[PDB]
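Below is the file run-v3.pdb, which contains PDB, C-alpha atoms and all ligand atoms.
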ATOM      1  CA  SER A   1      80.244 -45.033 139.032
ATOM      2  CA  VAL A   2      79.612 -48.440 137.549
ATOM      3  CA  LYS A   3      83.365 -48.658 136.891
ATOM      4  CA  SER A   4      84.182 -48.168 140.582
ATOM      5  CA  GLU A   5      81.442 -50.627 141.482
ATOM      6  CA  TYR A   6      83.137 -53.141 139.182
ATOM      7  CA  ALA A   7      86.512 -52.559 140.887
ATOM      8  CA  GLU A   8      84.840 -53.233 144.250
ATOM      9  CA  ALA A   9      83.340 -56.417 142.796
ATOM     10  CA  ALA A  10      86.750 -57.382 141.412
ATOM     11  CA  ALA A  11      88.251 -57.058 144.887
ATOM     12  CA  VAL A  12      85.618 -59.412 146.326
ATOM     13  CA  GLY A  13      86.547 -61.825 143.542
ATOM     14  CA  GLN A  14      90.227 -61.619 144.550
ATOM     15  CA  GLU A  15      89.278 -62.278 148.174
ATOM     16  CA  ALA A  16      87.624 -65.511 147.087
ATOM     17  CA  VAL A  17      90.769 -66.395 145.141
ATOM     18  CA  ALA A  18      92.801 -65.912 148.306
ATOM     19  CA  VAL A  19      90.443 -67.931 150.494
ATOM     20  CA  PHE A  20      90.187 -70.642 147.823
ATOM     21  CA  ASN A  21      93.943 -71.177 147.677
ATOM     22  CA  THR A  22      94.168 -71.342 151.472
ATOM     23  CA  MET A  23      91.301 -73.853 151.391
ATOM     24  CA  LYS A  24      93.101 -75.980 148.782
ATOM     25  CA  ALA A  25      96.148 -76.162 151.054
ATOM     26  CA  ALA A  26      93.997 -77.177 154.041
ATOM     27  CA  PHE A  27      92.281 -79.875 151.957
ATOM     28  CA  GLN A  28      95.625 -81.295 150.846
ATOM     29  CA  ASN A  29      96.779 -81.290 154.481
ATOM     30  CA  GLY A  30      93.617 -83.045 155.694
ATOM     31  CA  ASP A  31      92.527 -80.148 157.963
ATOM     32  CA  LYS A  32      88.824 -80.728 157.403
ATOM     33  CA  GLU A  33      87.772 -78.316 160.162
ATOM     34  CA  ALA A  34      89.589 -75.508 158.367
ATOM     35  CA  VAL A  35      88.141 -76.575 155.030
ATOM     36  CA  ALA A  36      84.591 -76.401 156.394
ATOM     37  CA  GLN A  37      85.138 -72.836 157.589
ATOM     38  CA  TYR A  38      86.779 -71.744 154.326
ATOM     39  CA  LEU A  39      83.905 -73.241 152.316
ATOM     40  CA  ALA A  40      81.402 -71.222 154.358
ATOM     41  CA  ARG A  41      83.541 -68.111 153.828
ATOM     42  CA  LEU A  42      83.654 -68.773 150.073
ATOM     43  CA  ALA A  43      79.882 -69.292 149.846
ATOM     44  CA  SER A  44      79.374 -65.868 151.391
ATOM     45  CA  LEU A  45      81.982 -64.286 149.097
ATOM     46  CA  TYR A  46      80.497 -65.801 145.944
ATOM     47  CA  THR A  47      76.998 -64.761 146.981
ATOM     48  CA  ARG A  48      78.246 -61.187 147.425
ATOM     49  CA  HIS A  49      80.183 -61.231 144.141
ATOM     50  CA  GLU A  50      77.124 -62.521 142.253
ATOM     51  CA  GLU A  51      74.888 -59.773 143.640
ATOM     52  CA  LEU A  52      77.430 -57.066 142.751
ATOM     53  CA  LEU A  53      77.794 -58.455 139.230
ATOM     54  CA  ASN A  54      74.024 -58.440 138.701
ATOM     55  CA  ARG A  55      73.770 -54.823 139.805
ATOM     56  CA  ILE A  56      76.594 -53.908 137.410
ATOM     57  CA  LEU A  57      74.904 -55.717 134.513
ATOM     58  CA  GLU A  58      71.544 -54.104 135.255
ATOM     59  CA  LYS A  59      73.203 -50.672 135.400
ATOM     60  CA  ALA A  60      75.019 -51.213 132.108
ATOM     61  CA  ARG A  61      71.639 -52.170 130.591
ATOM     62  CA  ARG A  62      69.969 -49.022 131.949
ATOM     63  CA  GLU A  63      72.897 -46.954 130.562
ATOM     64  CA  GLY A  64      72.512 -48.514 127.102
ATOM     65  CA  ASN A  65      76.153 -49.686 127.167
ATOM     66  CA  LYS A  66      75.645 -52.467 124.639
ATOM     67  CA  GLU A  67      79.222 -53.727 124.586
ATOM     68  CA  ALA A  68      79.433 -53.857 128.372
ATOM     69  CA  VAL A  69      76.092 -55.704 128.500
ATOM     70  CA  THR A  70      77.347 -58.290 125.989
ATOM     71  CA  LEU A  71      80.532 -58.915 127.952
ATOM     72  CA  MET A  72      78.691 -58.988 131.286
ATOM     73  CA  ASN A  73      76.125 -61.477 129.954
ATOM     74  CA  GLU A  74      79.000 -63.738 128.890
ATOM     75  CA  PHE A  75      80.836 -63.217 132.167
ATOM     76  CA  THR A  76      77.810 -63.851 134.396
ATOM     77  CA  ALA A  77      77.114 -67.067 132.486
ATOM     78  CA  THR A  78      80.659 -68.291 133.180
ATOM     79  CA  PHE A  79      80.242 -67.196 136.813
ATOM     80  CA  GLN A  80      77.283 -69.591 137.116
ATOM     81  CA  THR A  81      79.414 -72.453 135.763
ATOM     82  CA  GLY A  82      81.916 -71.781 138.539
ATOM     83  CA  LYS A  83      79.105 -71.518 141.088
ATOM     84  CA  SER A  84      77.643 -74.873 140.036
ATOM     85  CA  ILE A  85      81.044 -76.514 140.302
ATOM     86  CA  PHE A  86      81.612 -74.874 143.684
ATOM     87  CA  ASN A  87      78.287 -76.174 144.966
ATOM     88  CA  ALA A  88      79.204 -79.646 143.738
ATOM     89  CA  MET A  89      82.537 -79.337 145.568
ATOM     90  CA  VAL A  90      80.705 -78.430 148.779
ATOM     91  CA  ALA A  91      78.479 -81.480 148.352
ATOM     92  CA  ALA A  92      81.519 -83.700 147.799
ATOM     93  CA  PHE A  93      82.995 -82.417 151.037
ATOM     94  CA  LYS A  94      79.763 -83.133 152.923
ATOM     95  CA  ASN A  95      79.690 -86.652 151.451
ATOM     96  CA  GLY A  96      83.361 -87.401 152.176
ATOM     97  CA  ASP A  97      84.118 -87.961 148.474
ATOM     98  CA  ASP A  98      87.668 -86.661 148.227
ATOM     99  CA  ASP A  99      88.005 -87.904 144.644
ATOM    100  CA  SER A 100      85.062 -85.782 143.520
ATOM    101  CA  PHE A 101      86.304 -82.892 145.673
ATOM    102  CA  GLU A 102      89.686 -82.966 143.893
ATOM    103  CA  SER A 103      87.981 -83.153 140.487
ATOM    104  CA  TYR A 104      85.709 -80.176 141.143
ATOM    105  CA  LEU A 105      88.551 -78.151 142.681
ATOM    106  CA  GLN A 106      90.703 -78.396 139.541
ATOM    107  CA  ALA A 107      87.672 -77.654 137.361
ATOM    108  CA  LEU A 108      86.877 -74.518 139.349
ATOM    109  CA  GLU A 109      90.491 -73.384 138.933
ATOM    110  CA  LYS A 110      90.369 -73.849 135.158
ATOM    111  CA  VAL A 111      86.969 -72.184 134.737
ATOM    112  CA  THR A 112      88.274 -69.227 136.759
ATOM    113  CA  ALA A 113      91.560 -68.884 134.878
ATOM    114  CA  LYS A 114      89.719 -68.974 131.538
ATOM    115  CA  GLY A 115      87.410 -66.133 132.541
ATOM    116  CA  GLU A 116      90.171 -63.687 133.445
ATOM    117  CA  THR A 117      90.744 -62.022 130.076
ATOM    118  CA  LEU A 118      87.005 -61.279 129.906
ATOM    119  CA  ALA A 119      87.073 -59.935 133.474
ATOM    120  CA  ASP A 120      89.740 -57.444 132.409
ATOM    121  CA  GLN A 121      87.793 -56.563 129.238
ATOM    122  CA  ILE A 122      84.776 -55.595 131.319
ATOM    123  CA  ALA A 123      86.743 -53.143 133.460
ATOM    124  CA  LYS A 124      87.786 -51.327 130.285
ATOM    125  CA  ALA A 125      84.288 -51.424 128.801
ATOM    126  CA  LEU A 126      82.251 -49.916 131.642
TER     127      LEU A 126
HETATM  128  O1  LIG B 201      85.481 -64.341 141.277
HETATM  129  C1  LIG B 201      84.981 -65.142 142.095
HETATM  130  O2  LIG B 201      83.926 -64.914 142.727
HETATM  131  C2  LIG B 201      85.689 -66.417 142.314
HETATM  132  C3  LIG B 201      86.832 -66.905 141.727
HETATM  133  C4  LIG B 201      87.088 -68.186 142.303
HETATM  134  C5  LIG B 201      88.063 -69.199 142.164
HETATM  135  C6  LIG B 201      87.986 -70.377 142.934
HETATM  136  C7  LIG B 201      86.935 -70.559 143.858
HETATM  137  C8  LIG B 201      85.953 -69.560 144.015
HETATM  138  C9  LIG B 201      86.048 -68.398 143.238
HETATM  139  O3  LIG B 201      85.198 -67.309 143.234
END
I need this file expressed as structure tokens, please.
Ligand SMILES: O=C(O)c1cc2ccccc2o1
Amino acid sequence: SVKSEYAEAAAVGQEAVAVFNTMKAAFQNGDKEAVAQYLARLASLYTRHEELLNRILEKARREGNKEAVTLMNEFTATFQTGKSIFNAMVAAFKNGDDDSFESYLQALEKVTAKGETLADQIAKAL
């Protein structure tokens, strides 16, 4: 069901949370080789999460589930904010700009924490 597809998508999201926090520790410790690998892992996880979210939104639309579509449109918009900040973080790492990397890292944490009540609302709505 779309609800079980959302729980699978939520688990991929939690995997990125786990990898992100390990990456933050590696960045603080200066282990740039680890950071590079974690950033590649995160890019793959976010790409997967995005695709799963789009399929869920499209299914909710085909089902006529207006409330779930509304929430998923809001949630996918916030997802793109996080993705843009993530991409900027990756660029800051490539460029060696640790100040910008720190900035974007905190921003990605706040954007993600803000979107959590909505994430839970969607599970109930589908
Ligand atoms: O739900 C997600 O795909 C997600 C959450 C998150 C938090 C920090 C960095 C990357 C992230 O991806």
| query | From the set A:77, A:45, A:68, A:34, which residue has the shortest atom-to-atom contact distance to residue 15 in chain A, counting only C-alpha atoms? | reply | A:45
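CA of residue 17 in chain A to CA of residue 94 in chain A spans 21.5 Å [interatomic distance, one decimal].
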| request: Kindly resolve the PyMOL selection byres (((not hetatm)) within 9 of (chain B and resi 201)) on the present coordinates and return the residues as an MDAnalysis selection string. | output: chainID A and resid 9:21 42:43 45:50 79 82:83 86 105 108:113
| field | Within-9 Å shell of (80.6, -61.4, 131.1) in input frame, only C-alpha atoms, as a PyMOL selection string | value | chain A and resi 57+68-79+115+118-119+121-122
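Note that CA of residue 40 in chain A and CA of residue 99 in chain A are 20.4 Å apart.
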If you take every atom of range 44-53 of chain A that the file lists and fit an axis-aligned box around them with 4 Å extra on each side, what centre and edge lengths come out in Å to one decimal, as lines of an AutoDock Vina configuration file?
center_x = 78.4
center_y = -61.5
center_z = 145.3
size_x = 15.1
size_y = 16.8
size_z = 20.2
| task | Go through A:80, A:98, A:31, A:104 one by one, measure the shortest atom-to-atom distance of each to residue 54 in chain A using only C-alpha atoms, and give the residue with the smallest value. | result | A:80
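Here the question is which of A:26, A:1, A:7, A:36 gets nearest to residue 91 in chain A using only C-alpha atoms, and that residue is A:36.
One finds CA of residue 5 in chain A at 28.0 Å from CA of residue 107 in chain A.
Proximity of A:90, A:85, A:39, A:56 to residue 126 in chain A, computed with only C-alpha atoms, is greatest for A:56.
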| request: Measuring atom to atom with all atoms listed in the file, identify which of A:88, A:81, A:23, A:123 is nearest to residue 8 in chain A. | output: A:123
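Restricting the calculation to all atoms listed in the file, the smallest distance between residue 53 in chain A and any of A:84, A:3, A:89, A:41 is found for A:3.
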